[PDB]
Amino acid sequence: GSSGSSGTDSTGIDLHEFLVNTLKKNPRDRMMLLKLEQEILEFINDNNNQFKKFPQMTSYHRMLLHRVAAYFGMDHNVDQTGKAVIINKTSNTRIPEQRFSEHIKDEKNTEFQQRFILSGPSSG
């Protein structure tokens with residue numbers, strides 16, 4: 001039925017290794033990882049907000065996120081259906097050793113606009 005848990009074995013797959021590897025192999029994906037990192041930052045710091053819900057994600061996406069959190073030290077939880085992902089802000093949650101913005105230092109071009117721009121609201 002079920003056996004085995006996280007305890008006797010903690011140190012294993014070096015998360016970083018995975019992330020960094022993805023940044024090199026998938027130089028296009030980085031874009032996303034970066035965005036999430038930003039929101040996650042403003043969130044963690046934001047005390048007013050305790051929990052944060054994420055929009056419906058795909059099989060891959062969901063995975064990517066789950067990783068980022070585990071790296072920052074945050075636990076994720078699935079909703080009644082689990083379709084989406086919800087994370088909270090706990091003490092264990094702290095800043096890592098290095099950020100992704102440190103690997104993309106001295107960029108060439110970037111598109112960051114927060115005006116007359118929406119995401120796309122969907123009605124039932």
# chains A, B, ... in the order shown; residues from 1 in each chain; ligands from 1
call {"tool": "residues_around", "arguments": {"residues": "residue 31 of chain A", "least_positions_apart": "6", "cutoff": "12 Å", "atoms": "only C-alpha atoms", "output": "ChimeraX atom specification"}}
result
/A:22-23,37-38,100-101,104,110-112
call {"tool": "select_by_dssp", "arguments": {"residues": "chain A", "states": "helix (DSSP H, G or I)", "output": "PyMOL selection string"}}
result
chain A and resi 15-25+30-45+59-72+100-102
call {"tool": "closest_residue", "arguments": {"among": "A:114, A:28, A:42, A:16", "to": "residue 97 of chain A", "atoms": "only C-alpha atoms"}}
result
A:16
